[PDB]
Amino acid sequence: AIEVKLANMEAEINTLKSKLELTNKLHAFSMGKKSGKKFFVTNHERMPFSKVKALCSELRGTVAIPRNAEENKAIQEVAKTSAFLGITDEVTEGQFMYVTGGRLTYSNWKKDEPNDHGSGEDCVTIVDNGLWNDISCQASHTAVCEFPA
């Protein structure tokens, strides 16, 4: 009977949706996602900023953005090496903004940074001791993505 088969199909699809959600929750938990907190993931690959943005966007995340000290430390831990943050002053020199919009608030700049060095630096990397340095968007640093809480 077509209708009974259609109803079973709806149930099969709803069951699959729920199982996929469960799979997504288990993976986030295994990646260290804390309850009600956003999480960070890296493949430890170094690449220019444009590639990190593309990669994270493709995974439905964004380049990691430290909004506070705890998150900064979490990102530093995940990365292990220098890594790009989702913060740049490409739109207007001197005004750092998050890739997702809004003016930069919390910061952890190394002493004497940002300094738009040489020909100019519009991207930001979390470096030694978790401090920040503005650097060329064309330089290759570790790709760290963040996913919603």
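Position 1 is the first residue in the sequence shown; the rest follow in order.
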Higher mean Cα B-factor in the deposited model: 23 to 31 or 102 to 110?
-> 102 to 110
Looking at the entry, does 33 to 41 or 82 to 90 show the higher mean C-alpha B-factor?
-> 33 to 41
Grab the CA temperature factor for residue 117 from the record and place it in the lowest, middle or highest third of its chain.
-> highest
Where does residue 133 sit by CA temperature factor within its chain: lowest, middle or highest third?
-> lowest
Would you mind ranking residue 127 by its C-alpha B-factor against the rest of the chain and naming the third, lowest, middle or highest?
-> highest
